[PDB]
Structures are given as C-alpha cells and as structure tokens.
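The numbers in mature numbering (1 follows the signal peptide of the UniProt record, and there is no 0) rise by one with no breaks, and the one at position 95 of the sequence shown is 95.
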Amino acid sequence: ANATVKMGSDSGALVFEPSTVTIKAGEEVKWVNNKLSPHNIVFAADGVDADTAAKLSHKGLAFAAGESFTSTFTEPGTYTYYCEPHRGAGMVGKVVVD
Ligand SMILES: [Cu+2]
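Shown next, in the form of structure tokens:
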C-alpha cells in the first residue's frame, strides 16, 4: 500500500517516523517536509542494489514547507535513508518492501 514518512516530527524534533514502513512490492512512498531543515534523504544501498536505491535516493534538500518526494518500492529489499547533513547525529529510517 501507499506509505508516508515525515522527515521530522510534528513538534520540534528531528526524527524519522515511521522509522519503519512496510508496503507491497510495486507501490510508491511519499515524504513530507518538516522542521530542522534542511532535511535531505539519501538511500544508502543497505541490502538493496545501488542503481535501485539510487532512483530511490534523493540527493536534494528541503527548505520550503510543502515540498515532498517520491520513491518506488518495486524491487523487494531494504532501503535505508538517512539525513545527509545529519548522517551521523541520530536521524535515519528503514524501509521494507514485500
Ligand atoms: Cu535531518
């Protein structure tokens, strides 16, 4: 099914919820802008292919509150996307396609 993850929290904390999402194999996923920007989204091939996690990865950023991203969960694997600017602070997410 369609999944939704926010690059933060509706309060004032940089977190990734749901930290883990499970959808079908072929569906997509939409993200949402939050606080503690910018909030990048890079899917480091962690169990899945590169090129795959590539299109799934987002080497961009987030500044405007309203912009969202999309990711194809076709290939069944495990994609791990974390904060580029905070790739070593305590902000990461896990994906699971079935
Ligand atoms: Cu962040």
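Ideal Cβ placement from N, Cα and C applies to all residues, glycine included.
Under the rule that a run must span 4 or more residues, the alpha helix (DSSP H) segments found entirely inside the segment 24 to 81 read 50 to 56.
Cβ-Cβ separation between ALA62 and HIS39: approximately 4 Å, consistent with a contact (criterion under 8 Å). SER9 has its alpha-carbon roughly 25 Å from the corresponding atom of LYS55.
Contact between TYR79 and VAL92 is ruled out by a C-beta separation of about 11 Å, above the 8 Å threshold. Using a Cβ distance threshold of 7 Å, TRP31 and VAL5 count as a contacting pair.
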